[PDB]
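**Student:** For reference, the structure I am asking about is given below.
Because the Cβ atoms are built from the backbone with ideal geometry, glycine has one as well, and the counts that use them run over all protein chains shown. Readers should treat all values here as calculations from the given coordinates under stated rules, not as data from a laboratory.
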Amino acid sequence: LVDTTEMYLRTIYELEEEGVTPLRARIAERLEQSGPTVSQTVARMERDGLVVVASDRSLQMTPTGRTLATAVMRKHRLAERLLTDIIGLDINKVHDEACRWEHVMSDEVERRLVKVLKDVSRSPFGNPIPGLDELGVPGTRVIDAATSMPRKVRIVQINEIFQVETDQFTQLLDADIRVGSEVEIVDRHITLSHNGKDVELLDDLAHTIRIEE
């Protein structure tokens with residue numbers, strides 16, 4: 001979705017990146033938006049806890065805001081790589097096309113691009129592609145990763161240390177399910193199959209085991 005917020009957050013990231021103080025007028029200018037429009041939007045992003053207008057009058061992205069900004073930049077850059085390296089779009093048209101593609105490319109498509117692309121170190125324009133670590137190329141929780149249709153993944157972590165209920169610890173071991181184990185999943189109780197064994201997790205384990213796509 002063409003979020004103006006995403007556009008504003010990656011504009012700030014760019015400015016910082018060029019060593020430019022992320023001031024409002026600079027953003028109004030870069031974004032071809034008026035100062036008032038910008039002010040209205042910044043005040044909005046503030047309500048969302050994505051940015052803080054410093055005493056300096058510079059825009060300080062909050063941690064969550066910086067995480068989104070980064071993700072948007074990563075998508076933009078992976079998209080640029082796709083466009084130049086595979087599709088072969090005129091280099092002169094690559095940037096603007098990517099500016100549009102950064103708002104619609106899913107994390108799922110990004111991971112495949114990291115896979116099919118020869119090198120995702122940097123953008124065709126020279127800047128490095130950020131957030132590759134956060135994309136995962138820690139881990140998606142089984143709870144959120146549990147699809148109604150079975151799927152296979154790699155256990156990133158078990159988090160036995162944070163468990164109060166330990167009655168399924170041996171189930172996992174008998175089932176041969178450990179960190180790095182490729183297992184089947186599905187929604188319903190949440191079942192985690194592997195080595196012939198099916199482990200129907202309980203709430204706590206379901207919210208703490210993290211599956212890598």
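**Student:** Please compute the volume of the convex hull spanned by the alpha-carbon atoms of the stretch 84-209 and report it per residue in Å³.
**Tutor:** 135 Å³
**Student:** Let me ask something else. Taking H as built 1.01 Å from N, whose amide H comes closer than 5 Å to the amide H of residue 52, not counting residues under 5 places away?
**Tutor:** Amide H neighbours of residue 52: 60, 61, 62.
**Student:** Let me see the pair-distance distribution of the stretch 138-211: every alpha carbon pair, 5 Å bin width, integer percents in order.
**Tutor:** Values per bin, smallest distances first: 4, 19, 33, 30, 13, 2.
**Student:** Using just the alpha carbons, could you tell me how many Å³ per residue the convex hull of the stretch 27-77 encloses?
**Tutor:** Numbers: hull volume 4.5 nm³, N = 51.
So the per-residue hull volume is 88 Å³.
**Student:** If the convex hull of the alpha-carbon atoms of the chain is projected onto planes in all directions, what is the mean projected area in square nanometres? Working shown, then result.
**Tutor:** Working: hull surface 59.3 nm².
For the Cα atoms of the chain, the hull's average projected area reads 14.8 nm².
**Student:** Mind jotting down the three principal axis lengths of the stretch 72-137 based on Cα atoms? Whole angstrom, largest first.
**Tutor:** Each principal axis gives a Cα extent; for the stretch 72-137 these are 31, 23, 19 Å.
**Student:** Which residues in the stretch 183-213 have a backbone N closer than 12 Å to a point placed 7 Å from the Cα of residue 111 along the Cα-to-Cβ line?
**Tutor:** 211-213
**Student:** Ordered by residue, what ³J(HN,Hα) values in Hz, to whole numbers, does the stretch 73-81 give under the Karplus form 6.51 cos²θ - 1.76 cosθ + 1.60, where θ = phi - 60° and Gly and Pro are x?
**Tutor:** With coefficients 6.51, -1.76 and 1.60, one gets 5, 4, 4, 4, 6, 5, 4, 4, 4 Hz.
**Student:** Going by C-beta contacts inside 10 Å, put 188, 74 in order with the fewest on the left.
**Tutor:** Exposure proxy ranking, most exposed first: 188, 74.
**Student:** Now for a different question. Show that you can apply the helix-only estimate: for the chain, add -39,500 (n - 2.57) for every DSSP H stretch of four or more residues, divide by all residues, and state [θ] at 222 nm to the nearest 500.
**Tutor:** -13000 deg cm²/dmol
**Student:** Then there's this: Specify the inter-centroid distance of the stretch 61-92 and the stretch 153-188, based on alpha-carbon positions, in whole Å.
**Tutor:** 35 Å
**Student:** Right, something else. Between residue 151 and residue 18, what FRET efficiency comes out of the Förster formula 1/(1 + (r/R0)^6) with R0 = 35 Å and r the beta carbon distance, rounded to 0.05?
**Tutor:** 0.25
**Student:** Going by average Cβ neighbours within 10 Å, how do the peptides 57-64, 119-126 rank, with the highest at the top?
**Tutor:** 57-64, 119-126
**Student:** Could you pull out every residue, at least 5 positions away or on a different chain, whose amide H is within less than 5 Å of the one on residue 129? Hs are placed 1.01 Å off N in the peptide plane, and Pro or chain starts have none.
**Tutor:** The list, which skips near neighbours in sequence, is 122, 123.
**Student:** Using only the Cα atoms, work out Rg/Rh for the stretch 1-125, with Rh taken as the Kirkwood radius, to two decimals.
**Tutor:** Radius of gyration over Kirkwood radius for the stretch 1-125 works out to 1.00.
**Student:** Same structure, new question: Write down the Kirkwood hydrodynamic radius of the stretch 130-177, to one decimal in angstroms, obtained as one divided by the mean of 1/r over all alpha carbon pairs. Present the calculation step by step, with values, prior to reporting the outcome.
**Tutor:** Numbers: mean 1/r = 0.0764 Å⁻¹.
After inverting the pairwise mean of 1/r, the radius is 13.1 Å.
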